[PDB]
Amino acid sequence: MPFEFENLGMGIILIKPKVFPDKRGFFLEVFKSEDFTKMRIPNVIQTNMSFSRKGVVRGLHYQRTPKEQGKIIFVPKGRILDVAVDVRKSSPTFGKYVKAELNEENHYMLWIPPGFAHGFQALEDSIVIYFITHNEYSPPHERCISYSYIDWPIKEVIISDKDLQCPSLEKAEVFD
């Protein structure tokens, strides 16, 4: 009506858009500025997309202040295990995480505020859309924590050489 929001912990929210099927296919509103603002999810200022073969893992990524990003993750085709880990030193849940299956069949989305490291595994070949808030892409602010922080369900992982080099949490430049 047209969105159910569910707090999953730590400021992360599962968003569940309403899907309207008819003879043509279906339609949904994915995000709207007023409704999201009512939930204190600010406006999207950039959107990216990836296509990822089954077993791919991307992450775990974040940009540091002053270019911190919020993210709404959505999966129009396929299915992922999506993850957000608290990477804020002084948080009482620093290092805790939430996993959320996002897929084409649920159309659910994950909102991940600034201060979290994001990644996922592709459980099937998947298109992921990333609606990004706060700040745009800025290379010298990119950081990451190692994929190995998480025990991914598909063992036949496909990870870039770059992400394979991400540091452990204890050695990463994280949030205050």
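Numbers follow the displayed sequence, beginning with 1.
Per the PDB record, of the two stretches 60-68 and 116-124, 60-68 carries the greater mean B-factor over its C-alpha atoms. Mean C-alpha B-factor is higher over 36-44 than over the other stretch, the pair under comparison being 36-44 and 23-31. Sorting the modelled residues of the chain by their CA temperature factor places residue 107 in the middle third. In the PDB entry, residue 50 places in the lowest third of its chain by CA B-factor. For residue 138, the recorded CA temperature factor ranks within the highest third of the chain's modelled residues.
The PDB entry assigns residue 88 a C-alpha temperature factor belonging to the highest third of its chain's modelled residues. In the PDB entry, residue 77 places in the lowest third of its chain by CA B-factor.
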